[PDB]
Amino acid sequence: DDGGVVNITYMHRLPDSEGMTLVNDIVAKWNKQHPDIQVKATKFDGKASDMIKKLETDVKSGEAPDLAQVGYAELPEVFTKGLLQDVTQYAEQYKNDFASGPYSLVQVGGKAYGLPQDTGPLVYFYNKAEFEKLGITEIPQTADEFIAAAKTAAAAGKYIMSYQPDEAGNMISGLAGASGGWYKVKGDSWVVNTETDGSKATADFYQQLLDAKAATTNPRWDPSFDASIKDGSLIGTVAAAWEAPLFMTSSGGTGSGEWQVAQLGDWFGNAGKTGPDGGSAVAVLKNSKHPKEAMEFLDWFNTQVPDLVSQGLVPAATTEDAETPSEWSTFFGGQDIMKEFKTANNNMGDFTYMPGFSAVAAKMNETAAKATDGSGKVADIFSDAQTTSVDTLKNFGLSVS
């Protein structure tokens, strides 16, 4: 048996903003109850996509935490780099606490490497009051009807869409992937096709918007993006569901009481489906000496539903219903937005991510930014991703058809 006190470290990249139940305050509850398993949680200092590079540095060092946040999209990559610990015999005990889809996303080859934490269905945020002022009385459901509406808004200095070049890897992959995967294993080899009907539909949608000057082009994480919500010019956009409290903070309050969440329209060849953008597991890393207790704490952590929801998460836990915080429904015109997130989740297409997808995402972002001044086409996002996907798999020493 272990000694009396086991010490566990947990690195996460949860927002921890004002108004939220801070992770350390969540962990303090556990620590008080469990002197036998003491937990130290720390928030990664840096840009989200850099976290797994730090984990890689730290695994090789032997200064890694026991537990770290790992995106579903990042799991096959960090797995392939040998950063994870097979914890199947422990995962199996907690399996029933979690929805079956997210639980399958912590597995590689029928072994489990942690526990799912949340999901990232793409939805549409919009200011309903501002739509009304523009005579937009319905969320337009076809790409053509949306583009027509967006030109009308644009001529009044308003935008019902944003193009986010720094998020093309995560958001635009999800939107295209809503209608079919880009990657599959066929026997001995990966088969890559990132130029699906969905990719073509998605490209055409954003291309028409950009050519009409009818979408903002501020990078999502730049102060210019918050400025667009604050100044009232950005009145509609695709968003991952976990964006809700972020968006609310970014706004400064502008539109409070008027914002609403809708399902994505059929704008991306998505035909009634949505796609994933983010959503993460927490993984047990290669050389953790305490997998059992790490997983014991993690099952507790990932079932603190109201506290996770405070961080904007759509929890993977099925142990209790997630509920819209009062603050959020207020901001969103009294709407129970969590019901929208759950609907979106249930309509979210599966998407296998190749190992090395970080490189595909990084390239997508780079090529996405070329489109904002007309130097590049939106479509080039998908043709470049195809080449980077194939090259990255080959760099990993993996076979590609």
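In case it trips you up, residue 1 is the first one in the sequence shown, and so on.
- As listed in the deposited structure, the average C-alpha B-factor of 51-59 and of 344-352 is greater for 51-59.
- Averaged over their C-alpha atoms, the temperature factors of 176-184 and 100-108 are higher for 100-108.
- Of the candidates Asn287, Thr237, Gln207, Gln304, the deposited coordinates give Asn287 the top C-alpha B factor.
- In the deposited coordinates, the residue among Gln335, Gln69, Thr367, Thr372 with the greatest CA B-factor is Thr372.
- Compared with the other modelled residues of the chain, the Cα B-factor recorded for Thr324 ranks in the middle third.
- When the modelled residues of the chain are ordered by their C-alpha B factor, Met20 lands in the middle third.
- Sort the chain's modelled residues by C-alpha temperature factor and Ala64 lands in the highest third, per the entry.
- Compared with the other modelled residues of the chain, the Cα B-factor recorded for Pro140 ranks in the highest third.
- Per-chain ranking of the deposited C-alpha B factor places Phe268 in the lowest third.
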